[PDB]
Amino acid sequence: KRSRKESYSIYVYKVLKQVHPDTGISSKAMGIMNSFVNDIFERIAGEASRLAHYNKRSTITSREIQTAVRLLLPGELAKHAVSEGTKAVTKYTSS
Amino acid sequence: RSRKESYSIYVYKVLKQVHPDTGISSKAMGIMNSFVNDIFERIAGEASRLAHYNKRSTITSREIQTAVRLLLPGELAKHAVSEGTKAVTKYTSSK
Amino acid sequence: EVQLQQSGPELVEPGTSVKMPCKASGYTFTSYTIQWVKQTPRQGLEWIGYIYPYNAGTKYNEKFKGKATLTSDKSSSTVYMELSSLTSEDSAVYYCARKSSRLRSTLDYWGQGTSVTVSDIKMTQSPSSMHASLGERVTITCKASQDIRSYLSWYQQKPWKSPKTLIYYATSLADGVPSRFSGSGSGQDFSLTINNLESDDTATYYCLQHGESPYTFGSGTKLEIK
Amino acid sequence: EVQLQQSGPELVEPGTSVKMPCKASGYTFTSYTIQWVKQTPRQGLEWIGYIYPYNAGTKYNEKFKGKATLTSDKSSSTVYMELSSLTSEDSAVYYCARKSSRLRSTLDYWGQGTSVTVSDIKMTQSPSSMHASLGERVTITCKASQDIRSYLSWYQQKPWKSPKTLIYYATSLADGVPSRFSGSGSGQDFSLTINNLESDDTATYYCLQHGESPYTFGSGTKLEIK
Amino acid sequence: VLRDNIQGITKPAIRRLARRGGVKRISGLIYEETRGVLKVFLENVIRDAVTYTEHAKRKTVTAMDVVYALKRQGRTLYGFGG
Amino acid sequence: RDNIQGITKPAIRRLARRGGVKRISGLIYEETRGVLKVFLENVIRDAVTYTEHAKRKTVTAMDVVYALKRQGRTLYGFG
Amino acid sequence: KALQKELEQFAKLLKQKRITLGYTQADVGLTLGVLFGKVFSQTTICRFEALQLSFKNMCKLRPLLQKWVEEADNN
Amino acid sequence: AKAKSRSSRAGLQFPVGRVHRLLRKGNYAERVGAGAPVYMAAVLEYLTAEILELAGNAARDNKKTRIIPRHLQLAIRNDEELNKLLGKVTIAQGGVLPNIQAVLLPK
Amino acid sequence: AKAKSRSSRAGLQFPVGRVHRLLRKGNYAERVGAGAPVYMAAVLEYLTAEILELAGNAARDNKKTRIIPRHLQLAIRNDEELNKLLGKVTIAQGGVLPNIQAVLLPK
Amino acid sequence: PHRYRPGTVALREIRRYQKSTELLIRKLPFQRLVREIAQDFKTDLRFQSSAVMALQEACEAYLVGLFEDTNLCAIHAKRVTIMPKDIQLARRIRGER
Amino acid sequence: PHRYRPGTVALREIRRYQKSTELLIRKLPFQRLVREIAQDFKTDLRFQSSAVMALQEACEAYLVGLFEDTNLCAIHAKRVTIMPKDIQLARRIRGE
DNA sequence: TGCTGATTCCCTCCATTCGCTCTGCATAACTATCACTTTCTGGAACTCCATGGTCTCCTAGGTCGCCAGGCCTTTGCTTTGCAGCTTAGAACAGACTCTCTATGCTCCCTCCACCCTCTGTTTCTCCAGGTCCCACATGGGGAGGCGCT
DNA sequence: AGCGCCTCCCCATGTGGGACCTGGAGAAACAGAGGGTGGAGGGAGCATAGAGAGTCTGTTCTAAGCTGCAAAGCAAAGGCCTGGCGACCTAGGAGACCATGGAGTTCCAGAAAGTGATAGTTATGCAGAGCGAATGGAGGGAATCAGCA
C-alpha cells in the first residue's frame, strides 16, 4: 500500500535506444542519469525563476528558459540546446 | 519616480541602538543593505528547500531555525537561534 | 572573428618530413578540436585526423596512421602537423578546420590551406556536374552507404579557396549562410537545395559525414552558372 | 568534549620568566579566543588579556601590558603565556578560558589553573557574604560604574576549583546549568537569583563585564548553606 | 560507544587514494595529515546530514540527507538519489 | 581596438603590492592581462545576457551584480 | 610432496644440462614444436624452470622435456 | 476528445506534462507559460542524448555493450563543455581520468 | 485598536511585515507560517547588530566617528565565523587585511 | 632474487588504481568512523547502508582530488614526494582553510 | 646620493597599498577595455557608470586575491619572485 | 651498446551467476473543454542620462642606466621511503534474531489565506552643520654608507 | 673584518580651512494592521512491515613489522642575469561643462494567454520471468624491466 516513486528512467532509456540501438545500461548509470536530469532541471528552473523575479514578471516563459540555458550552459552546448528548444517550441505551436 | 525600498532606516536604528555616537556612510549603508538581502535570500532559499524535501507547503519558524543552523557557523548560529526563539516567544506571548 | 592562420606553400624533396601550423585566434582554443583534411585533384577531400587540445587527444584515419602525426602547443595556441616520408602522391592542399567537441557540430571554420608540392562509409553523389540559370532551383543528392543519424554537412568551395560551411546536422543553416540553401533528408538519403542562384554559386559542393569514426567527404558536385 | 588542559603548580624564583601552557581539545581551536585570568585572594580575579588564534590577535590589560606575553601554536593547539620579571606579588592561580569572538559570548569553559608561587569600570556587589537556608531565595546585585549593553556574566567557583559559568548575556543560562539560577537586569543594574538551595551551592559567585575593552570581575559573594 | 576509529583508515588505504590521485612518492607524515583532513570533512558533511535528519523528525540518517548535505557544501553527488 | 595595454605595468604592480607580492617577474604582466581579459569576458557576457533579456540597450549595475553573483563572486555595495 | 621435490630436482638438472649445452630456453621452446608439434614460448620454459606453475600444468609439461632431454643428449 | 500527449506534439520523449507539473509545484513562479516545459524538456532531452551517446561511444571502445558509471565519467571528463557544466559534480563509481604527470615518468 | 505593528510585538527593529511580504511574494513556498518572519527578522537584526558593533569598534580604534566600508571589511575579515559566512563575498571599497608573509621581511 | 626499482611499482600502482573504479577504503572501518563521528552530534542514530555508501564515495572522491592538487603543489616545488605543506597549500588555495 | 636597497621600497609599497582602499587601475583604460570586450557581444550598447565601477571593483578584488595565491605558490616554491607558473598553479587549484 | 631471464599485463575460451529487459495489471495524472480573468503587447509622450566633444593641468608612465642579490646549476652527503618477505588479525560475506521506527490511514481542528477599511510608516525632498580631508609644521623612527677600532 | 654615531627620507601627530555628506523635519501614499470567513494543511493516535542493529563463524586477504639500499632531498658555493631603484620627459588621464538624441518609464486598451474545475482515458510504476552480458578461472602469449657482458 506504499506510494510510488517517479523518475526519468523510462524516457532516458528511450533516448538511449534512439542514440544507440544495440546498447544497454546498468541501474547505477540510470541512477547517475536520473540525478543529472534532476540537477539540470533545478538549475535551469531556478535560474529562470531568478530571471523572472529580476524583471518583475510573474510568469516563466520559453524566453526565460532560453536565457537561463544561455547563462548556464557553455558555448556550443548552449547553442545546440537553444536550437533544440526553439525547434521543439516551433513544432509544439503548430498542432 | 518609483519608491524603491531598502533597509537603511532599520540598519540605522540598529546602529544607533548598539552605538549611539557612531554614524555611517552611504556606501557602508549600501554594503549593509546588500548583506541583509543576501542573507535573506540564503535563509529563505534554504527554508524553501527544507519545506520541499519534507513534502510541506508552508515555511514555519522550525524551517527558519533549521536553515539558520545550516548556513550560519557555530556560535553565530547558536546566538541567532537564541534571538529568533526569544522573538517568536515574545510575539506569541503578546498577540 | 575566428581565424585559422596557416603557412605558405612548401616545396619538399621526398624522404624528409614537413611541418604545418594552424595558429588559431578569436576563440577559446582548448574547447574545440582541430581537424586536418587533405585535398587532391585525383580523389578530392579526405579527412586525415584531429587533435583535441583540452586533453591533447588524437584520432587519425586508418590510411594516415604513421604517415601523419599531430601535436598541440597550448601556450602559442597552435596545432602542428608532421608528415613523414613524403611519397610522390603527397602534393596536396592541407586544411585545418575548427570543430566543436559536440557531435552535432561540424568543420565550421577552415584554414587557408598549405600547398605541399613533392618533386568506411562510401559517399555517393549522383550529379557530378550540372548547369543552371540565374533563378532556378538546384537539388544535389548525397545518398550514403551506412546509416548516419543526421550527421551530415554541406560545404561550398570556390576554386583556389577554402571550403565554406553551409549546412550542419543535415538541415541547420551555418552562421552567415542565407536561407536560399536548404538541407533535407535523414538516415541514408540527404539533399541540398539551392532556391534561387546568384553569380557567386559557381562552386564545388561537398557532403561530409561525421557519424562514424573515419569521416568521409563527398565526391563533389560542380555547379556552373549560365 | 571541550576541555582546557593546564600544567601543575610552579615554584619560581623571582626575576625569572615562567611559561604557561593551555592545551585545548574538543573544539575548533582557531575560532575561539583564549582569555587569561589571574586570581589572588587579595584582589580577586583580574582579567589579563586574550589571544585569538585565527589571526594571532593580542589584547592585554593596561596593568599587565609588557609584563605578560601571549602566544599561540596552531599545530599542537596550544596557548602559551609568558610572565617575565616576577615581582613577589605574583603568587596567584592562573586560569585560561575559552571565549568565542562573538560579543554576546563569555568565558564559558575554564582551565584548571596553575598556581605560581614566588620564592575602567568597577562592579560593586552589595552583599559581601550572606547566609541562606536550604530553601531560601538568594539575590545578588552587581551594580556597574558605567553602562554596558547587557554584557555581563555570572560565575560560580568552588574552593580549590575552576569557576563555572552560570549566566551569560545577563539573562541567558549556560549549557548544563539548571533553571534554578536566573539572571536579570540591564544597563548598570544586574542581579542573580538562586531559586531553591542545595548543598552544592556553597560557593563564591562573581560577575564579569565584557562590554568594554578592560574586562572587570566582581568582588564576589561567599554563599554557604547550613 | 566507539573510540579511536580514524586509525582504521590505514596507511595502505591512503596510499591507494594517492595512487588514484597520481602520486608517485608519499612522505611519512602525509598519513596523519590525511586522517585529520578526512576527519574535518566528515564532521562537516555528517553535521549537515544530521541537521537534515533532525528536521525530518527521524532517527535514521538516509542517503538523501547525505545528498542534500553534499549539495549544500557544493559537492554534488550523482547516483544516490535526487 | 587594443586597449589591453591600458592595464599598464605599474597598475599590475600596484595590484600585486596589495596582494603582498615583494618581487615580480617580467612575464607576469602579460599573463595578468590575459587572466583579466578572460575574467572580464566571462562577467561581461553574462551581464550582456541579463541586459538583453530585459530588452535593454544599457548595462546597469544590477546586471553586473547578478552576473558576478552567478559565478560565485557576490559583490556588496552596488544595490 | 615428494613429487614436487622430484620435479624440482629434475628441473635443476635440465637447467644444468641446458647451461652446459648452451641452448637457451627459447631454443627449448622452439625445439618442442619440432619434437612433438607443440611449440612453447620463452615464458612457459621460464615458469617451468622456476617451479611455480600448477601441478597439473607441471605434469603436462613434464614428458615433453623428458623426451627433449634424451633428444638433446645425442641429437 | 482523444490522444496526442504534449511530448508527441512537440516531437519529444521527455514528458512535457510532468515537466510542467514539476515547474508548477516547484515554487519557481506564480505562473508557467505553456512553452516553457516544451523548451525545458527539449534541453533536458538534448543533454541526455549528448551524454548518453558519448558514454555509448566510450562503452563501444571498451568491447562492452552496457553503460556503467565509468563510461559516463569518461564521457563527461573528456569534454571541455561537459566538464564545465558538471565540474563540481561527483559521479559515484566513476573513478578518475587515467593521467600521469610527465615529470613522474622515468627517463 | 491603534494598529500596533508586529515588530513592536516581537520587540524588534527589522520589519516583520515587510519580511512576511518578501517571503510571500519571493516564490519560496505556498504558505508562510506567520512566526517565520519573526524568526527571520530576529536573525537578520542579530547579524546586522553584530556586524555594526564590530565595525563601530573598528572605527573607534581607527579614531573615526563614521563607519566606512573599510571598517566593515576589517570587522568581517578579523572574525573567523563572519569570514566563513562571507567567504565568497566582495565588499566594495573595503581593501584587504594588512598581511605580509614572514619570509619576505628582511633578515 | 629479483627486485624492482623504486618508482616502478609505484607507477604501475598509479596505472592500476586510476583505471579501476571501486572504493579504496575498507567498508567496515569507514562505517565505524562515520558512526563514531555522528555519535558526537546525536545519540542512538541509525544510518542506512546507502547513506554510509554515499559518504564513502564522497570522502574518497574528495581525498583523491586533494591528492591531485597536492601532487601539483609537490611538482611545483621541484619534488616528487608529497608533503604536509603541499596539502596545506592546496587546502589554502582551494578555500578549505 | 641616497638609494634604498631592493625590497625596501617594495615592502613600503605593500604596506601602503594594503593600508588604503582606493582602486589601483585608472578608470578610463578600464572603461575602454570594458567597452571593447562588450563590443563582441553587442554591437551598440551603453554602460552605466555604476556598472563600470562594479566591474572595476570586482576585477581588482579578483586580481588581488589571485596575487595572494600566486605569492603563496611562489613562497612554497622557495622563491620571493612570482612567475607565470605560480599564476597557472593557483588558477589550476582554484579550478579556473 | 645489447640480450636472456624473469615478472606482469593483455587476449582469448568456458561455465556461471546476476541483472537487464520484456510483459501484465492497476491507478493516478494528463488532457480535452469550457468559463473567467489578468498580464502584458502596443502605441506614446516624456523626462533623463549616457555619449560625444572641449578644455586645462598635472602627474603617472615609459625609457634608460646601474647594480646587487636572488635564482639556477652543480656536487656531495645523508636519510628515508620503497620493494619484498613473513606472520597474524580482522574484514567480509552469509545467516539468523529482534525490536523499532518510518510510513500510511483517519479524524479533526487550528490557522492561514482572503477580502475590505483604514491609518500611520515610510520614502522623497530640502535645508544645516558636523565629520573629515587637505595643507603645513614638527618630531620620531628606520634605513644605510663611512670611521675608528 | 664590526659596531656606531651623523645624514637622510618617511611616517605619525597637531592644528586650522572648508567642502562635502550626513542628519533631521514636512507631505504624500501606500502598505501593514484589524476583523470576520472558510477551507484546508498539518497535527495526533494507531498499526505493519521493512529494515537496521546485533551476534557467530569461517576465511583468506590484507595490514603490520623488519631489512637492505638506492635514489631523492637538502645544504653549500658559485655565477650570472634579471629585476629593483632612481631620473626625466612626456603623453594621457582626471575633472568640469554643454548638447543632444536615443532610451527607459509611466498611462490606458484590450486581446491573447494562463488558470480553475471535471471527467477518464491513457501512460507509467510495480511485480514477475527469462535469457545474455558480464564476472571469474585458466592458460598463453606479448611487452617490459633489470642485471650481466
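Conventions adopted
Residues numbered from 1 in each chain as written, not as in the entry; some residues may be left out. Chains lettered and ligands numbered in written order. Heavy atoms only, no water. Residues with missing side-chain atoms left out of burial classes, pairs and counts. Helix = DSSP H or I, 4+ residues; strand = E, 2+ residues; numbered from the N terminus. Rg over C-alpha atoms; globule rule 2.2 N^0.38 Å. Contact = heavy atoms within 4.5 Å. Near = heavy atom within 4 Å. Polar contact = N/O pair within 3.5 Å; in protein donor to acceptor, adjacent residues only side chain to side chain. Nonpolar A, V, L, I, M, F, W, Y, C, P; charged D, E, K, R; others polar. Pairing = 2+ DSSP bridges. Axes fitted to C-alpha atoms, helices over the stretch in contact; angles between N-to-C directions. Disulfide = S-S within 2.5 Å. Buried < 20%, exposed > 50% of the residue type's maximum accessible area, 1.4 Å probe, protein only. Salt bridge = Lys/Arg side-chain N within 4 Å of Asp/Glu carboxyl O. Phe/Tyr/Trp six-rings, centres within 6.5 Å; stacked < 30°, edge-to-face > 60°. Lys NZ or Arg CZ within 6 Å of the ring centre and 35° of its normal. Expected span 1.5 Å × (residues − 1). Parallel < 35°, antiparallel > 145°, perpendicular 65-115°, else oblique. Left-handed = near helix turned anticlockwise from the far one by under 90°.

- Going by the header, the method for this PDB entry is cryo-EM, and the resolution given is 2.8 Å.

### With respect to the overall build of chain A
- A tally of helices and strands in chain A yields four helices and two strands.
- Taken from N to C terminus, the helices and strands of chain A fall in the order α-β-α-β-α-α.
- Taking 95 residues into account, the globule formula puts the C-alpha radius of gyration at 12 Å, and chain A, at 16 Å, lies well above it.
- Judged by the C-alpha coordinates and their principal axes, chain A covers about 45 × 35 × 30 Å.
- The contacts in chain A between residues at least 6 apart in sequence include a share of 28% that link residues at least 24 apart.

### As for the overall build of chain G
- A tally of helices and strands in chain G yields four helices and zero strands.
- In chain G, the succession of α and β elements from N to C terminus is α-α-α-α.
- Reported as C-alpha extents along the three principal axes, the dimensions of chain G are approximately 35 × 25 × 20 Å.
- Put simply, of all contacts in chain G between residues at least 6 apart along the chain, 50% involve residues at least 24 apart.

### Let's talk about the protein's contact with DNA strand L
- Around DNA strand L sit 80 residues in total, of which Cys 46 and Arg 47 of chain G, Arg 32 of chain J together with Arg 35 and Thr 81 of chain K are the nearest.
- Within the contact set of DNA strand L, a sugar or linking oxygen lies 3.0 Å away from a side-chain nitrogen or oxygen of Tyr 13 of chain A.
- Its residues assigned to classes, the surface near DNA strand L comprises 21 nonpolar, 23 polar and 36 charged.

### Some remarks on the sheet that holds strand β8 (residues 78-84) of chain D
Residue and element names in this part refer to chain D.
- The sheet built from four strands is open, its strands ordered β1-β3-β8-β7 with antiparallel pairing. The sheet terminates laterally at β1 (3-6) and β7 (68-73), the two strands that pair on one side only. Adjacent strand axes in the sheet meet at a mean angle of 20 degrees, parallel and antiparallel pairs treated alike.
- As defined by bridge partners, β1 adjoins strand β3 (residues 17-25) across four bridges and the pair is classed as antiparallel. Looking at the pairing, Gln 6 lines up with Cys 22 of β3.

### Concerning the state of the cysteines
All names here are of chain C.
- According to the stated counting rule, one finds four disulfides over all chains in the structure shown.
- Between the sulfur of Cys 142 and that of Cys 207 lies a disulfide, 2.0 Å long from S to S. In this structure the cystine formed by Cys 142 and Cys 207 twists about its S-S bond by roughly 90 degrees; its chirality is therefore right-handed. Linking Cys 142 in strand β15 (residues 138-144) with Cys 207 in strand β21 (residues 203-209), this pair joins segments that are 65 residues apart in sequence. No difference in accessibility class separates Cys 142 from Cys 207, as the two residues are buried.

### Thoughts on the interface of chain B and chain I
- Each partner contributes to the interface: chain B provides 55 residues, whereas chain I provides 54 residues.
- The set of elements that each furnish at least two residues to the side of chain B that touches chain I consists of α1 (8-18), β1 (23-24), α2 (26-53), β2 (58-59), α3 (61-71) and α4 (74-93) of chain B.
- Counting residues per element, the side of chain B that touches chain I draws most heavily on α2 of chain B, at 14 residues.
- A breakdown of the residues in the side of chain B that touches chain I according to their chemical character gives 28 nonpolar, 17 polar and 10 charged.
- As defined by bridge partners, β1 of chain B adjoins strand β2 (residues 66-67) of chain I across two bridges and the pair is classed as parallel. Its bridge partner being in β2 of chain I, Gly 23 of chain B is matched across the sheet by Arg 66 of chain I.

### Observations regarding the protein's contact with DNA strand M
- Around DNA strand M, 74 residues are found, and the nearest of them are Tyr 12 and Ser 26 of chain B, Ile 24 of chain F, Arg 9 of chain I together with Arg 5 of chain J.
- Sugar plus phosphate, as a fraction of atoms of DNA strand M within 4 Å of the protein: 96%.
- Separating a phosphate oxygen of DNA strand M from a backbone N or O atom of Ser 57 of chain B is a distance of 3.0 Å.
- Between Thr 58 of chain F and DNA strand M, the recorded distance is 3.0 Å, taken from a side-chain N or O atom to a phosphate oxygen.
- With five residues, helix α1 (residues 8-19) of chain K is the largest single contributor of residues to the surface near DNA strand M.
- Its residues assigned to classes, the surface near DNA strand M shows 18 nonpolar, 22 polar and 34 charged.

### Observations regarding the pairing of strand β15 (residues 163-168) of chain D
Residue and element names in this part refer to chain D.
- Burial of β15 is extensive: five of the six residues sit out of reach of the surface.
- Pairing of strand β14 (residues 152-157) with β15 involves four bridges; the strand directions are antiparallel. For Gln 156, the partnering residue across the bridge sits in β15 and is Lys 164.
- Counting the residues in the hairpin turn of β14 and β15 gives five residues, including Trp 160, whose phi is positive at 55 degrees.
- Direction of pairing for β15 relative to strand β16 (residues 172-173): antiparallel, over a ladder of two bridges. The residue bridging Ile 167 from the neighbouring strand is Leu 173, located in β16.

### Looking at the pairing of β7 of chain D
All names here are of chain D.
- Covered by surrounding structure in β7 are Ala 68, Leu 70 and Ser 72 only, the residues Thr 69, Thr 71 and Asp 73 on the alternate face being uncovered.
- Note: β7 against β8, six bridges, orientation antiparallel. Residue pairing across strands places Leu 70 opposite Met 81, the latter belonging to β8.
- Hairpin connection of β7 to β8: four residues between the antiparallel strands, including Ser 77 at a positive phi of 55 degrees.

### Concerning the pattern of salt bridges
- This structure, assessed with the given rule, holds 54 salt bridges over all chains.
- A salt bridge links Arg 18 of chain G to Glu 49 of chain G, with the shortest nitrogen-to-oxygen separation between them at 3.2 Å. Placement of the pair is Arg 18 of chain G in helix α1 (residues 2-21) and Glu 49 of chain G in helix α3 (residues 42-50), with a sequence separation of 31 residues.
- Given the relative accessible area of 12%, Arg 18 of chain G is considered buried.
- On the basis of relative accessibility, which here comes to 14%, the residue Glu 49 of chain G falls in the buried class.
- Between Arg 79 of chain J and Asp 86 of chain J there is a salt bridge; the shortest N-O distance is 3.0 Å. Accessibility assignment for this pair places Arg 79 of chain J and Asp 86 of chain J in one class, buried.

### Comments concerning the environment of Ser 100 of chain D
- Inspection of the secondary structure puts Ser 100 of chain D in strand β9 (residues 92-100).
- Using a relative accessible area of 1% as the deciding quantity, one classes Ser 100 of chain D as buried.
- Excluding residues that lie within four positions of it along the chain, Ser 100 of chain D makes contacts with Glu 75 of chain B, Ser 31, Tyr 32, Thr 33, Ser 105 and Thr 106 of chain D together with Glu 81 of chain I.

### Thoughts on unusual backbone geometry
- Look at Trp 160 of chain D: it is not a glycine, yet its phi comes out positive at around 55 degrees.
- Here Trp 160 of chain D shows up in the loop between β14 and β15.
- A positive phi is found at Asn 27 of chain H, a non-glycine position, where the angle reads about 60 degrees.
- Of note, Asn 27 of chain H is situated in the loop between α2 (16-25) and β1 (31-32).

### Examining the packing of aromatic side chains
- One pass over the structure, following the stated rule, counts 34 aromatic pairs over all chains.
- Centre to centre, the rings of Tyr 50 of chain F and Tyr 66 of chain F are 5.8 Å apart; their planes meet at 55 degrees, and the pair counts as tilted. Of this pair, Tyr 50 of chain F sits in helix α2 (residues 28-53) while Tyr 66 of chain F sits in helix α3 (residues 61-69), and the two are 16 residues apart along the sequence.
- Overall, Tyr 50 of chain F belongs to the buried group, its relative accessible area being 4%.
- Owing to a relative accessible area of 15%, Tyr 66 of chain F belongs among the buried residues under this scheme.
- The ring of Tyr 17 of chain K has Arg 16 of chain K lying over it, and the distance from NZ or CZ to the ring centre is 5.9 Å.

### As for helix α4 (residues 75-92) of chain A
- Its 18 residues place the ends of α4 of chain A 26 Å apart at the C-alpha level, agreeing with the 26 Å of an ideal helix rising 1.5 Å per residue.
- The set of residues buried in α4 of chain A consists of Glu 76, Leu 77, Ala 78, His 80, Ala 81, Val 82, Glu 84, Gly 85, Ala 88, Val 89 and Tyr 92 of chain A.

### Let's talk about the packing of helix α1 (residues 9-19) of chain A against helix α3 (residues 36-60) of chain H
- Running from N to C, α1 of chain A and α3 of chain H cross one another at 55 degrees; their axes reach a closest spacing of 9 Å. As far as their axial angle goes, α3 of chain H and α1 of chain A are oblique. Relative to α3 of chain H, the crossing made by α1 of chain A is right-handed. Contact with α1 of chain A, carried on its side by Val 12, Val 15, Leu 16, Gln 18 and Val 19 of chain A, involves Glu 45, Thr 48, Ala 49, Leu 52 and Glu 53 of chain H of α3 of chain H and no other residues of that element.
- When its residues are assigned to classes, the contact of α1 of chain A with α3 of chain H shows six nonpolar, two polar and two charged.

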